[PDB]
């Protein structure tokens, strides 16, 4: 019942070149400074989307490598920006960026590994940082990070698996922690986690798959849980999850495509959360990442687990097996 109605005029065509200009110019501004606190991830989104459009060269490799080194703390974790505190989210984003750039030894890999390792608990969960917030999001950051560095074996994998599965719910989905309601974002983190640890057999693919395909609203866009407005990035969290578990054909590809495209801004470029709203690089990455998963030819194939181009992962030989 709660949906957007796509205005009949709205964009029906892919505006690749505009987006490549939008991101290339991003950070030359009000919104920019207010998100110092997620800067590392912001750079990850921009770089990843450029590389998916074949435009990574128009970004500053050399300048981002120095920014990454300066953001590594002495405990090994990486912060979002200089002077900000280290966190698993930004340590993931950093390692994703170094993997895009094949520049992993720009940072102290042994110290990142020891940082991820230090955040695991007796029950197998991961805290996001020294301050102890437990979220399956961080289970995914830990293992995604270690997988990309070839160091999965450095954490207690079996206990980590056990914690994630203890967050599986009645509806086949996953939450933040044991007892938490299913939500698309955590389902992406958890299915990705299981992909990495070779445990997709423990997912109930038909039940979860059904939950994920009911996210698609009449407008064609996906929401993140029942009764919520759809939104371009769930359209990525959900779709990715479906690909991982082998049920991407359970949503109406074409209607989703029309929603995603309708989320573009013909003027500024970039994508917004929903049609007509203000764009941003986050949604820009996820709308492009979604179109890619939906088979769109002018964008590179995107890994549904690491949300990077498949060729980058082929190139480092960490391509987990999905359901089908």
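Residue numbers count along the first chain shown, from 1. The term rigid core refers to the most C-alpha atoms you can superpose between the two forms while keeping them within 1.5 Å.
Rigid core superposition in 8 other deposited structures of this protein puts the Cα atoms of one stretch, out of 4 to 12 and 313 to 321, farther from the shown form on average, and that stretch is 4 to 12. The segment from residue 28 to residue 29 is interrupted, since 1 to 3 residues of the deposited sequence in that interval carry no coordinates. Look at the C-alpha B-factors of 109 to 117 and of 178 to 186. On average they run higher in 109 to 117. In this entry, 31 to 39 has the higher mean Cα B-factor, the comparison being between 47 to 55 and 31 to 39. Residue 153: CA B factor in the middle third of modelled residues in this chain (values from the PDB entry).
For residue 231, the recorded CA B-factor ranks within the middle third of the chain. Only modelled residues enter the ranking.
The entry lists a Cα temperature factor for residue 254 that places it in the highest third of the chain's modelled residues.
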